[PDB]
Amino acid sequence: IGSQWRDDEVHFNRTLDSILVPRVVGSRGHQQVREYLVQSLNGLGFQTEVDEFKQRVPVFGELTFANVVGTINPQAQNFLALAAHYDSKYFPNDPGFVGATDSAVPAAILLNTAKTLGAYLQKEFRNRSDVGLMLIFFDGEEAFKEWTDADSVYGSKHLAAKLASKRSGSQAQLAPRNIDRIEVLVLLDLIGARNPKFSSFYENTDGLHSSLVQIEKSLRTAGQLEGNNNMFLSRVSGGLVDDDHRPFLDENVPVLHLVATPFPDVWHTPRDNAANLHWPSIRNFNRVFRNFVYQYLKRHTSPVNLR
């Protein structure tokens, strides 16, 4: 029922602990988490590629960025893409900042979703070529000096450009851009705090949002959620929130932006740590989300077009 796909909090908790370290681009911690993501994706049976590049940024000068991408069914026609950022924000006066909600927990949720749905993804899901699953760990989401158009979302700008560029020849020029084979980028951000609220930011992905609303109602009615707070609202968002999806949105990719609004109390303060996470909210999100991903992939037949 809701009971087909069970929790694995042992896995969740270890995965979170392994990500939850200071990880400004260029730091020892960032390299530790980078390597951890590669190992983890490989062990969950993904084809793993690193989009590594050098770029000059405020304060630091030249840094080496690396987006980490896992794919199952790489030669599929189209893809569900799920994403989070793995860098943490630089704060002169808070080198210990771990960004628990931003976005250690979102990143751990992605790996844990692949784990809990492993029995599907290991076999039946591989027996097809219509749809694949991409897990994208963006690097350099966070501004180095102050958030602006230029000082932000560095890894995503770079991955979006890479996926957008074509190869030579008739066959390529008549074929889609790689980036156009993403049916929707589902970006998770600011998840971990008590009683988060997710509202729909884009009309074209509103039916996907409605599915989350529905899965939540179904699991609640079956007694499978903790507490009585509604996490997925059937409401449009207040204003838009700038994030890693922007460079993708700009190349016409549809976006489901699962960022909590209001932002967690602790956002961009030293208190965005494990002590301030709310595990029942994490578990509730995980249950809704793993079922959403499963259903999307299981119900997929023809290309999903939301452009």
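We number the residues from 1 along the sequence you see.
The mean Cα B-factor in the deposited entry runs higher for 216-224 than for the other of 216-224 and 191-199. Per-stretch averaging of Cα B factors for 203-211 and 80-88 places 203-211 on top. The entry lists C-alpha B-factors for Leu135, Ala108, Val153, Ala172, and the highest of these is at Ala172. Looking at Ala104, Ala114, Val186, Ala119, the one whose CA carries the top B-factor in the deposited record is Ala119. When the modelled residues of the chain are ordered by their C-alpha B factor, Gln39 lands in the middle third. Looking at the C-alpha B-factors along this chain, the one for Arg28 belongs to the lowest third. Ranked against the other modelled residues of its chain, the C-alpha B-factor of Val131 as given in the entry falls in the middle third. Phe144: CA B factor lies in the highest third for its chain, per the PDB record. Ranked by C-alpha B-factor against the other modelled residues of its chain, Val59 falls in the highest third.
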